[PDB]
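*Asks:*
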Amino acid sequence: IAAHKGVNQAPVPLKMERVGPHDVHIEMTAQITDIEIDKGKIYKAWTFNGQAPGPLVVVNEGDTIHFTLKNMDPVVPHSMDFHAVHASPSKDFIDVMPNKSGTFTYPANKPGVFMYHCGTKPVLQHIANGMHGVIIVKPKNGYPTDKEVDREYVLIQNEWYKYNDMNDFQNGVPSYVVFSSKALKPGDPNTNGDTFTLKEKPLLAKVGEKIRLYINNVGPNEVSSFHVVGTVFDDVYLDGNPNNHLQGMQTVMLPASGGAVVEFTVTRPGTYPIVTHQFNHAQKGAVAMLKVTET
Amino acid sequence: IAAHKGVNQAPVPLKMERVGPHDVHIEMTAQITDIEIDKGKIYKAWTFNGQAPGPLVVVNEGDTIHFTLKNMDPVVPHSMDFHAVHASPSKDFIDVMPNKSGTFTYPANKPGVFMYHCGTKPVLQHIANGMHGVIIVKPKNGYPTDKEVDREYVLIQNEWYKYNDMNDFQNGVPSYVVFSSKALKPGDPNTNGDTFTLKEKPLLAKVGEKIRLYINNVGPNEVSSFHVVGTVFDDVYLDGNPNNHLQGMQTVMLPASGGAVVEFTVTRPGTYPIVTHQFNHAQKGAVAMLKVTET
Amino acid sequence: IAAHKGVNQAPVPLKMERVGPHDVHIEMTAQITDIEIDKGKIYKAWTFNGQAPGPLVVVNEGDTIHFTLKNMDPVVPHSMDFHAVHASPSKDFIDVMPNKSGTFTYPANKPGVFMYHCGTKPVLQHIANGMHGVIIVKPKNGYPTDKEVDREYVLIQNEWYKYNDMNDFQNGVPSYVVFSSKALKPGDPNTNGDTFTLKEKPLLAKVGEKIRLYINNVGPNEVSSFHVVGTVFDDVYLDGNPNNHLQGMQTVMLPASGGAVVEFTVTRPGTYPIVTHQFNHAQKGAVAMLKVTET
Ligand SMILES: [Cu+2]
Ligand SMILES: [Cu+2]
Ligand SMILES: [Cu+2]
Ligand SMILES: [Cu+2]
Ligand SMILES: [Cu+2]
Ligand SMILES: [Cu+2]
Ligand SMILES: [Cu+2]
Ligand SMILES: [Cu+2]
Ligand SMILES: [Cu+2]
Ligand SMILES: [Cu+2]
Ligand SMILES: [Cu+2]
Ligand SMILES: [Cu+2]
Ligand SMILES: [Cu+2]
Ligand SMILES: [Cu+2]
Ligand SMILES: [Cu+2]
Ligand SMILES: [Cu+2]
Ligand SMILES: [Cu+2]
Ligand SMILES: [Cu+2]
Ligand SMILES: [Cu+2]
Ligand SMILES: [Cu+2]
Ligand SMILES: [Cu+2]
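Residue numbers (the authors' numbering), protein chains in the order written: chain A, 18 to 312; chain A', 18 to 312; chain A'', 18 to 312. A prime marks a further copy of an entry chain.
(1) Inspect the beta-carbon positions of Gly276 (chain A) and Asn209 (chain A) and report whether they are closer than 9 Å.
(2) Looking at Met132 (chain A): is its Cβ nearer than 9 Å to the Cβ of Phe84 (chain A)?
(3) Quick check: the region 263-281 of chain A' against the region 269-286 of chain A, are there 3 or more CB pairs under 8 Å?
(4) Going by DSSP, what residues sit across from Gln48 (chain A') in a beta bridge?
(5) Between the alpha carbons of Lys87 (chain A') and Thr288 (chain A''), how many angstroms are there, rounded?
(6) For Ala299 (chain A), collect the residues of the same chain with a Cβ closer than 7 Å to its Cβ; drop the 5 residues on either side in sequence, then sort them by chain order.
(7) With a threshold of 16 other CB atoms inside 10 Å of the CB of residue 342 (chain A), please say whether the residue is buried or exposed.
(8) In the region 252-285 of chain A'', which residues sit with their C-beta less than 8 Å from some C-beta in chain A, listed in chain order?
(9) Using only Cβ atoms and a threshold of 7 Å, which residues come within that distance of a heavy atom of ligand 13? Order them by chain position.
(10) For the region 141-209 of chain A'', which segments carrying the beta strand (DSSP E) assignment without a break, of at least 3 residues, lie completely within its bounds, in sequence order?
(11) Note the first and the last residue of the continuous beta strand (DSSP E) segment covering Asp80 (chain A).
(12) Touch check for the region 249-269 of chain A'' and the region 192-207 of chain A'': three-plus C-beta pairs under 8 Å?
(13) If you draw a straight line from the alpha carbon of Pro128 (chain A'') to that of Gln48 (chain A''), how long is it in whole angstroms?
(14) Using a Cβ-Cβ distance cut-off of 9 Å, determine whether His298 (chain A') contacts chain A''.
(15) Count the C-beta pairs between the region 215-224 of chain A'' and the region 59-79 of chain A' that are closer than 8 Å, then say yes if the count reaches three, no if not.
(16) What number of angstroms, rounded off, separates the C-alpha of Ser118 (chain A'') from the C-alpha of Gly136 (chain A'')?
(17) Could you name the residues, in chain order, whose CB is less than 5 Å away from a heavy atom belonging to ligand 7?
(18) Which residues in chain A'' have a C-beta closer than 9 Å to the C-beta of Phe131 (chain A')? List them in chain order.
(19) Identify every residue that forms a DSSP beta bridge with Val41 (chain A'').
(20) If we ignore side chains and look at the alpha-carbon of each, how far apart do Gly265 (chain A) and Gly225 (chain A) end up?
(21) Using three-state DSSP, classify residue 329 (chain A') as helix, strand or coil.
(22) List, in order along the chain, the chain A residues whose C-beta lies closer than 8 Å to that of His100 (chain A'')?
(23) Does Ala69 (chain A') have its Cβ less than 9 Å from a Cβ in chain A''?
(24) Would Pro106 (chain A) pass as an interface residue toward chain A' - the criterion being a Cβ-Cβ separation below 9 Å?
(25) Which same chain residues end up closer than 8 Å to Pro191 (chain A'') when comparing Cβ atoms and leaving out the 5 residues on each side of it in sequence?
(26) Using CA coordinates, which residue listed in A'':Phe281, A'':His262, A'':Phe196, A'':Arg285 is at the minimum distance from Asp55 (chain A'')?
(27) Ligand 12 and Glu311 (chain A''): does any heavy atom of the ligand fall closer than 8 Å to the residue's C-beta?
(28) Can you check DSSP and say which residues form a bridge with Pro139 (chain A'')?
(29) At 7 Å on the CB atoms, spell out the chain A'' contacts of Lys127 (chain A'), in chain order.
(30) Measuring CB to CB, does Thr50 (chain A'') end up less than 9 Å from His103 (chain A')?
(31) For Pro290 (chain A'), does the three-state DSSP call read helix, strand or coil?
(32) Identify the residues that DSSP records as bridge partners of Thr310 (chain A'): which are they?
(33) Consult DSSP for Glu239 (chain A') and reduce its assignment to one of helix, strand or coil.
(34) Express the C-alpha separation of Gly189 (chain A'') and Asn181 (chain A'') in angstroms, rounding to a whole number.
(35) Classify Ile18 (chain A'') as buried or exposed, calling it buried when 16 or more other Cβ atoms lie within 10 Å of its own Cβ.
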């Protein structure tokens, strides 16, 4: 796209504020930003806020979201679809033109770990170019295992293809498959989908802790066979809904856009890989690390 | 196949009648019929009754099915495998030769949303050429959420490949991935697996309704990441068995041949896309529409 | 690999002995062994004990495993990762050099049907070349349906690619997809992952029996849509954990490394195919047979 040549829009922070007991404002941008997806490989991603996946959003069950999208793309329209919400797609997930803003309002009344993404046709193109993310909706009454959890992180799986190549997006294998982590609390890492960051700078934990991961596989195209090496999931909540409670799973099947909350114990010091167990995808990048120490 | 050149057998209605409190007769054909799978693209499908997927069958839990297949194919044998039934494959799912009929009898004692398909070797060929469908077995005691449902439809996912090309069937990506709808009540649409019909003539609903979809992914080869844009599934019953009850799922993973009953609320007027969230497949056809109006 | 040319190490029996009420010794080899994966097609597999998948391991919930790997490979290091265990990957799943042995100790405190595999980088290579298997951990309190089961077998799904070809492992479709069976009791068959053995020498059962299968899809790369023709699963326990109990499933979705216990009734004499319902994979080998007779 001629109007994207040389464009690299600096990342913009997510803006969010609570405006009532059950109402929250969220302001995001659509922007074109160079991301290093593998060592030496730059992808001029289509993004929310200059991150791919986009920034984490966390709301409470029952919150209405008043969402604004500021489109900084010079030429392509963009939009937003939150899987958390009940909305009219053809009224509420509509396009925002270049250099314009749009505000849409909709309720999040289901707890869980939801995908969000651009909804502009062709949706495959917009998702594959980087316009995906996660929204977490925290359950009003928690999870039954909350009191057991010592530490928590967010992980997101996505794929990358040949740049802006619809034939490859539709017909080709992924070039890379990757994990990212998005911060829940100060000090947590906040990364983009690349093949290396979470190997070189592992997530951290302490021996004996029960870890919770909020996970989502945004695709665009693959399913995920999510596994943590050296442990078994004690508890799994499919899509993050507390009712969908499995126990003692080695591996969690996630559809494309599929989420879960998973909990596991790390019993011994060491480095614990986190993979999709579709090992072609692991080989193409989808291995993160969790470094477990005595402190 | 030389004996299929120029052959286009007009669709024949499904014949079904109840013959006792727990016994039903079903009569289907195997036939060769031209279907427009994408605009301008004709596939000379191998079909049941001139539809691909085939006609919907609905029986009650505990019904014995007395099934007749009339093979109108001039040269290829065909057969029938209902996933609903307990049967001897090597006695009851056997071939019916060209211009012959065969009758087989077997019980449907499990509720759910089951695939049916031709079982003639090579099964991949027969399924990929169009010989798939769904049988619904209604549970004796219903679903716990029945009283909440306002409207219901059947949707089926399938893929199409290069015509009668076993190399492509085994080794290639799908050319198209598609939804169809099959009628449960008079006035419901009844369509074939194509890339366009359910976009141009959306399924219809009213604002505020709870919708039930009976769904099955017949493959042959892909899994499905089933999602309705702008809502969350309130309730999911895997394979349509009332015991396999999930809640608040954004997306339902369906294996090949996998079914479900899913229920969701449409809260606002508008058009709601229905997708597999493996967006390469969505781009290749697998997007249906649900138009929601005030009336 | 020059040092594998002409190498064909005869299979070595698994060695296992109980050494306390809650402690077991297991001794396995890593070895290079020619396996006929399809008629006329030899793969010089990387194996545990000269089988691919490797030998079955069965322990009780709460057993600590004291595992020794004897590496008979002349040049490549190997390792062992049991998905059943809680362990430090970077201390306990480490490499054993050529012509050396290593012993690692770790507890199996979760019931189920777990993958095991070599964990040596690149893990894709080691798994794809044949270094996979299953460990079953029997639940302390059984499954609620135990008293109903008449007969049981183990089945494992794996794929085979072009020989030792990392490009194909990462980017290519499988050449073959296959089932194997591993013995639980004397007289049970014990086979390797090939396209033919379980078709020519079917698993055996009697009319009217309830059959339990312990199943795992080891991949490396594909998910599995597990189905038995002519029946419906009465009960399914995901990953073999008794809590993850589904009923009346036609088809069980297994992620890569995913397991289950499945139970079904064979009501009529005959031969019942067992498939992954991703029929491209079935066509490439993944069809086993269960021959059901009056005796
Ligand atoms: Cu309030
Ligand atoms: Cu507001
Ligand atoms: Cu966009
Ligand atoms: Cu979506
Ligand atoms: Cu792929
Ligand atoms: Cu703790
Ligand atoms: Cu664990
Ligand atoms: Cu009766
Ligand atoms: Cu009759
Ligand atoms: Cu046929
Ligand atoms: Cu089938
Ligand atoms: Cu495909
Ligand atoms: Cu209503
Ligand atoms: Cu909803
Ligand atoms: Cu004891
Ligand atoms: Cu010992
Ligand atoms: Cu190895
Ligand atoms: Cu593993
Ligand atoms: Cu494949
Ligand atoms: Cu019995
Ligand atoms: Cu059955």
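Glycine residues also receive a C-beta, built at the ideal position from the N, C-alpha and C atoms.
*Replies:* Well, looking at it:
(1) Mapped onto the first sequence, residue 276 (chain A) falls at position 259. Mapped onto the first sequence, residue 209 (chain A) falls at position 192. It is not a contact, given that the beta carbons lie outside the stated cut-off.
(2) Counting from 1 along the first sequence, the entry for residue 132 (chain A) is found at position 115. Counting from 1 along the first sequence, the entry for residue 84 (chain A) is found at position 67. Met132 (chain A) places its beta carbon 9 Å or farther from that of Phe84 (chain A).
(3) Flag = yes, the region 263-281 of chain A' and the region 269-286 of chain A touch.
(4) Your numbering for residue 48 (chain A') matches position 31 in the second sequence. Paired residues: A':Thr64.
(5) What you label residue 87 (chain A') is simply residue 70 of the second sequence in a count that begins at 1. What you label residue 288 (chain A'') is simply residue 271 of the third sequence in a count that begins at 1. Distance between the alpha carbons of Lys87 (chain A') and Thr288 (chain A'') is about 24 Å.
(6) Mapped onto the first sequence, residue 299 (chain A) falls at position 282. Closer than 7 Å at Cβ, skipping near neighbours: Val292, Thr293.
(7) No statement about residue 342 (chain A) is possible, as the shown extent of chain A runs from 18 to 312 and does not include it.
(8) For the region 252-285 of chain A'', the residues whose beta carbon sits under 8 Å from a beta carbon of chain A are, in order, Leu255, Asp256, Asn258, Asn260, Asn261, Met270, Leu271, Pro272, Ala273, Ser274, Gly275, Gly276.
(9) This criterion selects A':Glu165, A':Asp167, A':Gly225, A':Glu226, A':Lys227.
(10) The qualifying runs are 149-155, 168-177, 193-199.
(11) On the first sequence, position 63 is the one that residue 80 (chain A) refers to. Secondary structure note for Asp80 (chain A): its beta strand (DSSP E) is the uninterrupted segment 80-88.
(12) No, because fewer than three Cβ pairs between the region 249-269 of chain A'' and the region 192-207 of chain A'' fall closer than 8 Å, the two stretches do not touch.
(13) Stepping through the third sequence from its first residue, residue 128 (chain A'') is reached at position 111. Stepping through the third sequence from its first residue, residue 48 (chain A'') is reached at position 31. Here the alpha carbons of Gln48 (chain A'') and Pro128 (chain A'') stand approximately 29 Å from one another.
(14) Within the second sequence, the letter at position 281 stands for residue 298 (chain A'). With 9 Å as the cut-off, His298 (chain A') does not count as an interface residue toward chain A''.
(15) At 8 Å Cβ cutoff, the stretches do not touch.
(16) Taking the first residue of the third sequence as 1, we reach residue 118 (chain A'') at position 101. Taking the first residue of the third sequence as 1, we reach residue 136 (chain A'') at position 119. Approximately 15 Å, taken between the alpha carbons.
(17) Those residues whose C-beta sits under 5 Å from the nearest heavy atom of ligand 7 are, from N- to C-terminal order along the chain, A:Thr248, A:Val249, A:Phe281.
(18) Numbered from its first residue, the second sequence carries residue 131 (chain A') at position 114. Chain A'' residues near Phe131 (chain A'): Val249, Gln267.
(19) Against the third sequence, residue 41 (chain A'') aligns to sequence position 24. According to DSSP, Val41 (chain A'') bridges with A'':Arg35, A'':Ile82.
(20) The residue given as residue 265 (chain A) occupies position 248 in the first sequence. The residue given as residue 225 (chain A) occupies position 208 in the first sequence. So the two alpha carbons sit approximately 17 Å from each other.
(21) The shown model of chain A', from 18 to 312, leaves out residue 329 (chain A'), and the question about it has no answer.
(22) For the purposes of this step, residue 100 (chain A'') is identified with residue 83 of the third sequence, where counting begins at 1. Result: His244, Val249, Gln267, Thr268.
(23) As a working mapping, residue 69 (chain A') is identified with position 52 in the second sequence. Closer than 9 Å: no.
(24) Here residue 106 (chain A) refers to the residue found at position 89 when the first sequence is read from its first residue. In terms of beta-carbon proximity, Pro106 (chain A) lines the interface with chain A', with at least one pair separated by less than 9 Å.
(25) Here the question's residue 191 (chain A'') lines up with position 174 in the third sequence. Cβ within range, chain order: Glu176, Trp177, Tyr178, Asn238, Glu239, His298, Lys301.
(26) Numbered from 1 along the third sequence, position 38 holds the residue referred to as residue 55 (chain A''). Ranked by Cα distance from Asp55 (chain A''), the first of A'':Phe281, A'':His262, A'':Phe196, A'':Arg285 is A'':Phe196.
(27) Along the third sequence, read from residue 1 onward, the residue named residue 311 (chain A'') stands at position 294. For ligand 12, not one heavy atom lies less than 8 Å from the Cβ of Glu311 (chain A'').
(28) Here the question's residue 139 (chain A'') lines up with position 122 in the third sequence. Beta-bridge pairing links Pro139 (chain A'') to no other residue.
(29) Residue 127 (chain A') sits at position 110 when you count from the first residue of the second sequence. Residues of chain A'' passing the Cβ test: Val249, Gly265.
(30) Within the third sequence, numbered from 1, the residue matching residue 50 (chain A'') stands at position 33. Within the second sequence, numbered from 1, the residue matching residue 103 (chain A') stands at position 86. Result no, Cβ atoms of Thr50 (chain A'') and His103 (chain A') do not sit closer than 9 Å.
(31) Position 273 of the second sequence, counted from the first residue, corresponds to residue 290 (chain A'). In the three-state DSSP reduction, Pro290 (chain A') falls in the strand class (E or B).
(32) On the second sequence, residue 310 (chain A') is found 293 positions in, with the first residue counted as 1. DSSP output for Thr310 (chain A') lists A':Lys223 as bridge partner(s).
(33) Here residue 239 (chain A') corresponds to residue number 222 of the second sequence, with the count starting at 1. Coil at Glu239 (chain A'), not helix or strand.
(34) Here residue 181 (chain A'') corresponds to residue number 164 of the third sequence, with the count starting at 1. Here residue 189 (chain A'') corresponds to residue number 172 of the third sequence, with the count starting at 1. Across the structure, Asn181 (chain A'') and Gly189 (chain A'') are spaced so that their CA atoms are roughly 13 Å apart.
(35) Here residue 18 (chain A'') corresponds to residue number 1 of the third sequence, with the count starting at 1. Burial call: exposed.
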